[PDB]
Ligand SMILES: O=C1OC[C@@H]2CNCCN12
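Coming up is one lone chain in structure tokens, specifically the form deposited without this ligand.
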């Protein structure tokens, strides 16, 4: 039936409706830090989120998305392995039912508690729909979340989760500054991949930050109270909305640091 993360409609079943699931540049992947090629030609990443305009938080049945006004170059990602300007359209997380899993990408087979995906699309393509039809249409900045001290910047998000507990619910969520979610360092690994949830389009230049951000146990706990189901249906806790690592195949993961 409709795709999900359960036994009967999960990642292992995706290839049936989305043949690209078994494609050449699927994400996420395991970042083998020792096979990763340090690349001194990679520029530093440039994250300009000062003019960021968040609009709302939406529980879409598979995660909760914080959407941003991407009608202008308000919050953009440039540099690094990117050619051109990528606009922030939304960010979401993938988390586990337990702290030892939840990330999509793994570093040396290590799973983090969650993974923040700041989704950007290449402005040369005009709109998000067009960019998803291009090899370099998307740039997702992935940030690992490890359980530790609270990330103050993530608290506004956590607080509004009560309002969007079920599928389909949305809440006004303005004046949220995504810079509060960035780790201290912007070093990254980059490789060409795809969306990690159907349609699994292979339009993503993945920029996975080396340094994770730490969030508190209480914070990730509130993620786990979200529901996959809509209001009125049997309750299915939104946890483990992550896709397992896919074969790297003919790809090289480059690193911006030694």
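Numbering follows the first chain given and starts at 1.
One more form of this protein, solved in complex with this ligand, exists but is not displayed; see below.
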| property | result |
| --- | --- |
| This ligand contact in the bound PDB entry: residue 189, any heavy atom under 4.5 Å | yes |
| This ligand contact at residue 214 in the bound PDB entry, heavy atom, 4.5 Å | no |
| Interface membership of residue 46, this ligand in the bound PDB entry, 4.5 Å heavy atom rule | no |
| Exercise: residue 36 in contact with this ligand in the bound PDB entry, heavy atom 4.5 Å | yes |
| Residues within 4.5 Å of this ligand in the bound PDB entry, restricted to 107 to 144 and counted by heavy atom | none |
